[PDB]
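Engineer: Sequence below, structure please.
(3 chains)
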Amino acid sequence: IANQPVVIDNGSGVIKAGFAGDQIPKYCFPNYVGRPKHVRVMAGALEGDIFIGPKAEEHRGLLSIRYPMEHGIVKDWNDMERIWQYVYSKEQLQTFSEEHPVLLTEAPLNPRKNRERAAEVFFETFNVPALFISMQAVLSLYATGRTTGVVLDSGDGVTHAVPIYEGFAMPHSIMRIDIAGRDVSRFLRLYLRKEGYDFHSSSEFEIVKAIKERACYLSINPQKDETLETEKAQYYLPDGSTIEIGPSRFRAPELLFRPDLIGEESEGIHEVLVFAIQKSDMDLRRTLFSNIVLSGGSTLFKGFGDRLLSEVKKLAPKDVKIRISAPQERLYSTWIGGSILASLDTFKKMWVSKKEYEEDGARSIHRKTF
Amino acid sequence: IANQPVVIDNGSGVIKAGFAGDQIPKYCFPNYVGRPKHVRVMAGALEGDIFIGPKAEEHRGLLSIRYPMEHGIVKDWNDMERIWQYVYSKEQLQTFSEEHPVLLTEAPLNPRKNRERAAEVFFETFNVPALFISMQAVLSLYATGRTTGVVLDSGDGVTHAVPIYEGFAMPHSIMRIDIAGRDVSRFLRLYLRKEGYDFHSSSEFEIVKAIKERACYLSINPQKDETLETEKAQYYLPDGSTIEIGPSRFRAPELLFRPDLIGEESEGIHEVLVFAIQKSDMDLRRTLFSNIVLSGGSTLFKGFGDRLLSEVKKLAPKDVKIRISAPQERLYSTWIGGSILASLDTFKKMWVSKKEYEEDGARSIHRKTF
Amino acid sequence: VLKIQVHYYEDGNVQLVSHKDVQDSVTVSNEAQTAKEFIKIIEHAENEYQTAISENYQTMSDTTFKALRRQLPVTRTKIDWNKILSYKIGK
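Structural biologist: Residues are numbered from 1 along each chain as shown, chains lettered A, B, ... in the order given. The protein structure is shown below:
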């Protein structure tokens, strides 16, 4: 049973889905389970009472949204089972889990219990013939076409830098933080309350994400922007009321570089990228500096790459050629590589079959990933 | 000016202090400088804003702890000057630096620039009458009461096997690594993130040291423990929340014997011990095997000595009597030896006087140590 | 010319072989000075030689001997044999 395998690129913010060998993930939707706040009196209402995907995006105001995933670590397992069931259902893929092998993705240095519980779900509740879990940084390099280089990523949950050299993902130089897009959106929400406009509800939280996506730029010199007075640019909400954002738009994405603002002594994106290169070996450093790849949604801020270049110039050794490359489709870079990895004939050797899982158990899954 | 001399036993993890001719060091405290993270709003707060010793241990959560000394090599010189000033101050010793001669300690085969800058601090900033730097292994043998034998040690910074035979410290046969308790604590911290329970803060770093001290054991056969499934024992943190430790507790101290796990080339503790014995002369090897002294905090793991004995049996030539002896107080072994060395009447001849330093300089300090 | 030689033959051989050729120009003045000038040239040369012979080799041989074959791989991880026997590279 070697059918066309499914690639479910898991993410904290957005989840991507589709089949192997495609150019783009056809099925992209946000990873949450919306459930109705209000009581349903009238007949002919929205049936089911568990909303995932475009129905939940359409009817935000009704639904008390709650994310199952946090920092690449699922808290609510029943919600992720419902999401994975929705992915395979007729509303998105129109296929059975019994036929196709599954490619899954996770962030590096995550809980092993969550990886086992993920495998348990795919093998037992769904009846998968073969499963394979992989990294995000390895796939992104497969998508670009390169072998060597560092992969800085910044999703909704995790920011992690993994250096790779000629198809060898270095495990001991993996840097990681739990500061990312969701924490920037949470920090923006807290700043908007200091400005004036509060957004306490869970449906109302996605307005703050929409403000963060549209109207946020990363200034090069933060001390110069702090001394100067802002212009206070406007933004229209889904209701229609105006919001003067002010200095909260430029101080919001500073969290990723200065994690001291939220109240959490971490390294930051630029330090993580330097630390990943420094932990790796002297001979590989100059090739790793030249090949720096960006991915994830929280790298899409205005002047993000320009600031990340300036921070590398400050920290890294002098007279070294720096190059932070970035693809056109950064949001789908990890999925494209998985689709490429799935299409290759060697994918048959790497996966964990259902028979092998039933015989061995969790130990075989831990061996095959690394 | 021949007053009762002071013995400041240096160390990356812990720093010992007190007077000469004593049974135990009265003044023991961890070698770091805690500084306040949070904003001191209320009047009548903790004054000073630079905390060392028991105040820093009492108020961990406020302070961003950072160590000045890594691998027996001080990085931040201003921090060590503040620590030495705190040692001499009324809160610990209740003495002046001008009255008493000084006995300093350092790890063997260090950079000489740090040894010079250490002497500069003692002679210029403090007004020391006479200084003397010495080895840790030489002192530990004076504490036990033997002359012949190897001294394996394992502090927080350095692990080094120094062979000595009847008051002849062979400078050439000294083996050394930059792998020790701090790297084991860092490796255990990395494993706890793989388990699930993440600790990133600097105050929260000392909880990992406390877990490493309490809940760890070194297995004899690591392959047998890898095949078997662990019991997952519990431990209560300073807060109250329970943590199932799992397989991290036994795989963490394997770093000392297998240095490849962190991602750095080294020999290992057991190899270093064999290697220190081999580099010495052929006639003296059997006496060095019979007298193997242990020291430092990172030798206190459960089944550490039993694993060392098995590793020696594997590597060393057959039909040789192996004996890895150790004192009761392994933490204060080096300081007792210094207190004994300082109490002796010979001590006056060995030291570097302030007048001799002012005349010659660093060259006289390099001559008197060796 | 200044030649060193050391040879160790236990459990297999190791040899140190060396030399330094030096060309110098000195000016004659006195018997006390010419006696203490040449010796000074030898003293500084043979120390610099021993210094380099001891201090370069203890560190630089370790790194050049390592540049030929490294103590651990470019990943700094012991190579996985299971990985080698079921992985494909290239394009």
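Engineer: would you list every one of the helices in the stretch 201-350 of chain A?
Structural biologist: In chain order, the stretch 201-350 of chain A shows helices spanning A:205-214, A:222-227, A:248-251, A:269-279, A:285-290, A:304-315, A:333-343, A:347-350, with DSSP state H, counting those that start in this stretch as the criterion.
Engineer: residues contacting residue A:258?
Structural biologist: A:222, A:268 (C-beta atoms under 8 Å, 6 or more residues apart in numbering or on different chains). Where C-beta positions appear, they are placed from N, C-alpha and C, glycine not excepted.
Engineer: nope, residue A:281 is what I meant
Structural biologist: Listed by C-beta under 8 Å, 6+ apart, the contact partners of residue A:281 are C:74, C:76.
Engineer: returning to that earlier point: and among the helices of the stretch 201-350 of chain A, the most buried is which?
Structural biologist: Among these, ranked by average contacts under mean count of other C-beta atoms under 10 Å in any protein chain shown, first place goes to helix A:333-343 (a mean of 24).
Engineer: That one close to chain C?
Structural biologist: No. Counting by C-beta under 8 Å from any C-beta of the partner chain, chain C is not contacted by helix A:333-343; separation bottoms out at 10.2 Å.
Engineer: helices or strands next to that helix in the packing?
Structural biologist: strand A:6-8, strand A:102-105, helix A:136-144 (3 or more C-beta pairs under 8 Å, 6 or more residues apart in numbering or on different chains; DSSP states H and E).
Engineer: Quick check: which of the ones you listed is buried the most?
Structural biologist: By mean count of other C-beta under 10 Å, the helices and strands packed on helix A:333-343 have strand A:6-8 as the most buried, with a mean of 25.
Engineer: Of the helices and strands packed on helix A:333-343, which is nearest residue C:20?
Structural biologist: helix A:136-144 (49.9 Å; C-beta to C-beta).
Engineer: Are there helices or strands packed against the closest one, and which ones?
Structural biologist: Helix A:136-144 sits against strand A:149-153, strand A:159-164, strand A:292-295, helix A:333-343, with contacts defined as 3+ C-beta pairs under 8 Å, 6+ apart.
Engineer: which other residues reach the second one?
Structural biologist: The list of residues contacting strand A:159-164 from outside it, by C-beta under 8 Å, 6+ apart, reads A:107-109, A:135-138, A:141, A:147-153, A:169-170, A:173-177, A:179-180, A:256, A:269, A:272-273, A:275-277, A:279-280, A:284, A:288, A:296, A:298.
Engineer: before we move on, the earlier item: now distance to residue B:161 too, for the helices and strands packed on helix A:136-144, in TSV please.
Structural biologist: As requested, the helices and strands packed on helix A:136-144 are exported to TSV (distance: least, C-beta to C-beta, whole Å):
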stretch	distance to residue B:161
strand A:149-153	38
strand A:159-164	34
strand A:292-295	42
helix A:333-343	47
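Engineer: out of those, which comes closest to residue B:359?
Structural biologist: For the helices and strands packed on helix A:136-144, the distance to residue B:359 is smallest for strand A:159-164, at 52.6 Å, taking C-beta to C-beta.
Engineer: picking that back up, adding distance to residue B:66, write the helices of the stretch 201-350 of chain A out as a markdown table.
Structural biologist: Shown next, in a markdown table, are the helices of the stretch 201-350 of chain A (distance: least, C-beta to C-beta, whole Å):
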| stretch | distance to residue B:66 |
| --- | --- |
| helix A:205-214 | 33 |
| helix A:222-227 | 24 |
| helix A:248-251 | 27 |
| helix A:269-279 | 15 |
| helix A:285-290 | 25 |
| helix A:304-315 | 18 |
| helix A:333-343 | 36 |
| helix A:347-350 | 43 |
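Engineer: tell me, what residue is most central in the chain?
Structural biologist: Just so you know, I chose chain A. The residue lying closest to the centre of chain A (C-alpha atoms, centre = their mean) is residue A:155, at 3.3 Å.
Engineer: try chain C instead
Structural biologist: Nearest residue to the geometric centre of chain C (C-alpha atoms, centre = their mean): residue C:57, 3.3 Å.
Engineer: That residue falls within a helix, correct?
Structural biologist: Yes. Using DSSP: H, G, I helix; E, B strand; the rest coil, the assignment for residue C:57 is a helix.
Engineer: follow-up on the earlier one: let me see the backbone angles for the residue lying closest to the residue nearest to the centre of chain A once chain neighbours are set aside.
Structural biologist: Nearest non-adjacent residue to residue A:155, counting by C-beta to C-beta, 6 or more residues apart in numbering or on different chains: residue A:296, 4.2 Å away. Main-chain dihedrals, residue A:296, degrees, to the nearest 10: phi 90, psi 160.
Engineer: Can you tell me how far the nearest residue to residue A:14 once chain neighbours are set aside is from residue A:255?
Structural biologist: Nearest residue to residue A:14, sequence neighbours excluded (C-beta to C-beta, 6+ apart): residue A:30, at 5.4 Å. From residue A:30 across to residue A:255, the span is 21 Å (C-beta to C-beta, to the nearest Å).
Engineer: who has more neighbours, these two?
Structural biologist: Neighbours per residue (other C-beta atoms under 10 Å in any protein chain shown) separate residue A:30 from residue A:255, with residue A:255 holding more: 26 against 19.
Engineer: In this structure that one contacts residue A:185, no?
Structural biologist: No. Using C-beta atoms under 8 Å, residue A:255 is not in contact with residue A:185, being 9.8 Å away.
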